[PDB]
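Engineer: 3D model of this:
(chains A, B, C, D, E, F, G, H and I)
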Amino acid sequence: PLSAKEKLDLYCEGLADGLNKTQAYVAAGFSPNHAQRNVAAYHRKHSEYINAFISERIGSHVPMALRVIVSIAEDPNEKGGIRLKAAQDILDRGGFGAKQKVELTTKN
Amino acid sequence: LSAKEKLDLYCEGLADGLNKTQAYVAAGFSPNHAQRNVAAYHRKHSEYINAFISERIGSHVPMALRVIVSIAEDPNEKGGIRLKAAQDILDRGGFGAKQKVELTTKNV
Amino acid sequence: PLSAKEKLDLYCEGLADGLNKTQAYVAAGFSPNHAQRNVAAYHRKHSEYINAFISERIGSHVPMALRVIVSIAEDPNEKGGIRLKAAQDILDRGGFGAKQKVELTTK
Amino acid sequence: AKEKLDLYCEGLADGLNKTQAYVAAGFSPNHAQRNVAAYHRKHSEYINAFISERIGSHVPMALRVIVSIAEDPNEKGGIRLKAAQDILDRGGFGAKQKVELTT
Amino acid sequence: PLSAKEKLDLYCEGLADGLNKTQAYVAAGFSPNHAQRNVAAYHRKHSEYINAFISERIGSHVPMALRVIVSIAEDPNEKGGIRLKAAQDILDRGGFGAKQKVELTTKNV
Amino acid sequence: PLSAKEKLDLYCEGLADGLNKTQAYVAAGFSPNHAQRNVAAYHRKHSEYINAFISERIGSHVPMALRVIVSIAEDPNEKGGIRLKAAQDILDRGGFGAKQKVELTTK
Amino acid sequence: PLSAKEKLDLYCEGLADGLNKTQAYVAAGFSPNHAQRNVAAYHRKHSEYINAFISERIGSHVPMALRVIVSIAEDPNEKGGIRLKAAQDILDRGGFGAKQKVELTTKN
Amino acid sequence: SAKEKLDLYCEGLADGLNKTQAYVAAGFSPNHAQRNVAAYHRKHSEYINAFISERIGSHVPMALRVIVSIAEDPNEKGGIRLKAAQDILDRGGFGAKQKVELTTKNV
Amino acid sequence: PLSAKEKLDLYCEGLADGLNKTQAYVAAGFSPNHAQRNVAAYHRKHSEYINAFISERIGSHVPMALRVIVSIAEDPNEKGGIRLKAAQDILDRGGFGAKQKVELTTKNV
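Structural biologist: Numbering: from 1, shown residues only, chains lettered A, B, ... in the order given. See below for the structure:
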């Protein structure tokens, strides 16, 4: 007796690691005999929620990436080019770069 | 069941074994009329197969996410690879690029 | 009792595999002496269909490439950068990608 | 409640765990997997602003790294050139034209 | 007993294979002694047909290239990056590709 | 006896080199007793000026960069590719390099 | 006695091959006492024709390059990556290419 | 004198890259450094930018001569010579440009 | 009488080879004392012509580059990737190029 969206979230969490749709479906608590078509219909209904959830899991891992990038930028034992790319990366994300393009339209 | 279930079974065989005729004969079809029916059948049902294979491509995204997270968190990986994976998840998380200034000239 | 279209499709498959205009022409089951002008005329007549066929042939190979990329992503003994590129590719084709650019016109 | 949220935000930014950073902010320790989800999706924009400010905090370090690489005589030539070009690009001196012909 | 179109076709074939202006000119069957001034006018006259012929000839080679790319994709003993690039290539030409970009115009007038 | 603008400039310069916000705050000459809260409010207030200062410092380092790029271009015992990239770069900043695109829009 | 058009073409050919303005100028036959005073202006006169001449000369080498690319693509003793790049190149020049891009415009 | 110290301060920044250091090296008041250099630099930003843009224009013949020498040097690596030749041909006014567009809509 | 239009071009040649503004100014036969400012002002006056002249000098070097590229393409002992890049460059210069792009502007305005 659980929220249908919460059992859907359990299905999503089980799908994110163990990589099988019907397996996560029955692990979400559905009919084990009416299994392989009902998981397909359920997935085809709530596709947009699944995409938003996957983007949420991507966003959950960003602080690790930030620590990695800063540590590489301040690492004295790294190659010069990799430090330069890390410093460039955080400077770009900080709001500094530029591009000047000149256009010339010779129409016919 | 419905001929559509035999078609999706045929699509499953096409997704794994890379042969039109082999996936045809695995569906339970004519072994004598082999080159004839699979070509017309495939040329008719293109959109369902394309949607099915794009769904199969999407089926592997948790694996790819786990791989990228592992490369970012693997302590013994090269500096450049850790930096590039971290840049990738930061970009997919919603932290990105920057400015461009335009200058428009026109034909005499 | 064979269709012109079917003969044409056999000629296209033979051109994709046996790599010669006159050779694939006669392998389609045609006249071997009235060939060198006739195969050229036949090719320039049905060019759009041959190109559509070749795109169908390219699409015939996408599951192999899909398996290749998934295998490269799942290989524990592969170089790090290549695994990363394979996973990036699967994430991009799955529908999660790149972002913004700001415009400012000085005219 | 926002100051306790900032406490939780720093704990999340450094220790990389939702439930642990939740209880490390001085919040309810028993019921974790449900309330942290609602709180996290609730203040998403605040967390994003928090992380973008933290990204901006490291900019002086990056600038110093790039100038050091540009001034190092024992650095490879290609890396020195890329760094000097990079600060020149960020300083406001750059590129040029592209001509179009539309039929 | 040949027309201007068939001698032009022989001229184009000789130019595609034997690579010489006077050589491809005379293999079409003209006078070899007073050649160097007239070939410039001839080529500048039928340039577009030669270009279309050359693109046709390029289109003649696609199955060889396709076979090479597929073999590289299925070759297990090839470097990982080249196998990856090849699989990416056939997927891109097959119709599975890229994605979004957001615009932000801070306008002037 | 110096402006809030001069105290802000010293705080920003200290922020350029001196990492601690609170360290750059007290080195700018403010109250050391309540610094860690007041530096947060002060920084969140004057964000645009600090960003402008950092862009000013980036421009402050450009003559060094020009000297390095021209010197690497003039180095007689340097690799060809690096000399080529530097010469290309200064030629591009001088106002050279062209690129043509023909468009065909099928709406 | 020489036709002016043929003489200009000969001067152009000398620039194309023997790499000198004054060399091709004296190779046309011109006033011996003065050349530099006029040759610079003369070159500035027929600039567009010389550009057409060099654009024709680049096209003169196209079948050789095509043979080069086909041989590199079909040579079995070449690196895998170079074989792939050559095959890709001839496939692109044959007319088979790239795909989509999504736009999202936020206003001001 | 004042102009001499103005451009010498910039060349000193080009040589050892520090504003207070180049200010005290330029030959003005050595006693007050951190405030007077800030005011002086903020005033003449356009002047230093124009000066360095002129200095860049001073070096373009060097870049051209270096590139031509790299292109015609017979014992240089092949790829570097090819990149140099491509660059000089591109700046001479010769490049490829094809592109077919197809703009759709959600209706 | 050397005209100001042609003497400027001689100064331009001196700037392209002998690499100094004031030195080329006095090497045109000017006052060596009227020095550091006068060459700067002269340069600021005729900037567009100086740029056009250096562009003619840059255009002067294209035949050598073409010779080099064809030589690299024709070298039997050159690396495969480098010969391929040379052939790609000359094919692009001949008029054979790029390919498709699909646009889709689905947004909430």
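Engineer: helix/strand/coil for the residue nearest in space to the middle of chain A?
Structural biologist: Nearest to the mean C-alpha position of chain A, by Cα atoms, centre = their mean, lies residue A:58 at 2.8 Å. Recorded secondary structure, residue A:58: helix (DSSP: H, G, I helix; E, B strand; the rest coil).
Engineer: now it: how far from residue I:76?
Structural biologist: 51 Å (Cβ to Cβ, to the nearest Å). No exception for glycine: its C-beta is placed from N, CA and C like everyone else's.
Engineer: same check on residue A:3?
Structural biologist: From residue A:3 to residue I:76 the distance is 73 Å (Cβ to Cβ).
Engineer: same deal with residue A:84?
Structural biologist: Residue A:84 is 40 Å from residue I:76, where distance means Cβ to Cβ.
Engineer: show me where chain A has its strands.
Structural biologist: With DSSP state E as the criterion, chain A has strands at A:100-105.
Engineer: looking at it, which residue is nearest chain G?
Structural biologist: residue A:51 (14.3 Å; Cβ to the nearest Cβ).
Engineer: neighbours around that residue, how many?
Structural biologist: 15 (other Cβ atoms under 10 Å in any protein chain shown).
Engineer: so what's it up against?
Structural biologist: residue C:95 (Cβ atoms under 8 Å, 6 or more residues apart in numbering or on different chains).
Engineer: I'd like the distance between it and chain E.
Structural biologist: Residue A:51 is 13 Å from chain E, where distance means Cβ to the nearest Cβ, to the nearest Å.
Engineer: next: residue A:106.
Structural biologist: Distance from residue A:106 to chain E, by Cβ to the nearest Cβ: 21 Å.
Engineer: what do you get for residue A:68?
Structural biologist: Residue A:68 is 23 Å from chain E, by Cβ to the nearest Cβ.
Engineer: ditto for residue A:44
Structural biologist: 20 Å.
Engineer: and that residue, how many residues sit next to it?
Structural biologist: The burial count for residue A:44: 9, using other Cβ under 10 Å.
Engineer: for chain A, which segments count as helices?
Structural biologist: A:4-18, A:21-27, A:36-45, A:47-60, A:62-74, A:80-94 (DSSP state H).
Engineer: which parts of chain A sit against chain D?
Structural biologist: A:9, A:56, A:60, A:62-64, A:66-67, A:70, A:73-74, A:80-81, A:83-84, A:86-88, A:90-91, A:93-108 (Cβ under 8 Å from any Cβ of the partner chain).
Engineer: and chain A, what are its domain boundaries?
Structural biologist: Following automatic domain parsing, chain A resolves into domains at A:4-47, A:62-94.
Engineer: residues touching residue A:42, list them.
Structural biologist: The contact partners of residue A:42, by Cβ under 8 Å, 6+ apart, come to A:11, A:25, A:30.
Engineer: 10 Å instead?
Structural biologist: By Cβ atoms under 10 Å, 6 or more residues apart in numbering or on different chains, the contact set of residue A:42 is A:8, A:11, A:21, A:25, A:28, A:30, A:50.
Engineer: my read: the third one touches residue A:30, true?
Structural biologist: No: between residue A:21 and residue A:30 there is no contact under Cβ atoms under 10 Å: 11.3 Å.
Engineer: give me the common contacts of those two.
Structural biologist: What both residue A:21 and residue A:30 touch, as defined by Cβ under 10 Å, 6+ apart, is the set A:11, A:39, A:42.
Engineer: against chain D, how distant is the second one?
Structural biologist: Pointing back at residue A:39 there. 23 Å.
Engineer: which residue packs closest to that residue, ignoring adjacent ones?
Structural biologist: residue A:25 (3.9 Å; Cβ to Cβ, 6 or more residues apart in numbering or on different chains).
Engineer: from chain F, how far out is that neighbour?
Structural biologist: 44 Å.
Engineer: so residue A:100 sits against residue B:104, correct?
Structural biologist: No: at 12.0 Å, residue A:100 and residue B:104 do not qualify as touching, with contact defined as Cβ under 10 Å.
Engineer: those two: which is more packed in?
Structural biologist: residue A:100 (16 against 13).
Engineer: next up, the contacts around that one.
Structural biologist: Contact analysis of residue A:100 by Cβ under 10 Å, 6+ apart lists B:100, B:101, B:102, B:103, C:106, D:89, D:92, D:93, D:94, D:95, D:96, D:97.
Engineer: excluding sequence neighbours, find me the nearest residue to it.
Structural biologist: Closest to residue A:100 by Cβ to Cβ, 6+ apart is residue D:94, at 4.6 Å.
Engineer: and residue A:93, what is it in contact with?
Structural biologist: A:66, A:69, B:87, B:90-91, B:95-98, D:52, D:55-56, D:58-59, D:62.
Engineer: I meant residue A:82, not that one.
Structural biologist: Per Cβ under 10 Å, 6+ apart, neighbours of residue A:82: A:72, A:73, A:75, B:78, B:79, B:80, B:81, B:82, B:83, B:84, D:79.
Engineer: circling back: need the max-distance pair from the contacts of residue A:42.
Structural biologist: A:30 and A:50 (15.8 Å; Cβ to Cβ).
Engineer: verify the stated contact: residue A:3 with residue A:29.
Structural biologist: No: assessed by Cβ under 10 Å, residue A:3 is found out of contact with residue A:29, at 11.7 Å.
Engineer: any residues in contact with both of those two?
Structural biologist: residue A:10.
Engineer: now, of the contacts of residue A:82, which are buried?
Structural biologist: A:72, A:73, B:78, B:79, B:80, B:81, B:82, B:83, B:84, D:79 (16 or more other Cβ atoms under 10 Å in any protein chain shown).
Engineer: which among those residues gets closest to chain E?
Structural biologist: residue B:81 (13.0 Å).
Engineer: what's the closest one in contact with, if anything?
Structural biologist: With Cβ under 10 Å, 6+ apart, residue B:81 has these contacts: A:82, B:71, B:72, B:74, C:79, C:80, C:81, C:82, C:83, C:84.
Engineer: recalculate using a threshold of 8 Å.
Structural biologist: Applying Cβ under 8 Å, 6+ apart, the residues contacting residue B:81 are B:71, C:80, C:81, C:84.
Engineer: what's the most distant pair in these?
Structural biologist: B:71 and C:81 (8.8 Å).
Engineer: any idea how far chain B is from residue A:27?
Structural biologist: 14 Å.
Engineer: surely that residue and residue A:13 touch.
Structural biologist: No: Residue A:27 lies out of contact with residue A:13 (Cβ atoms under 8 Å); the separation is 9.6 Å.
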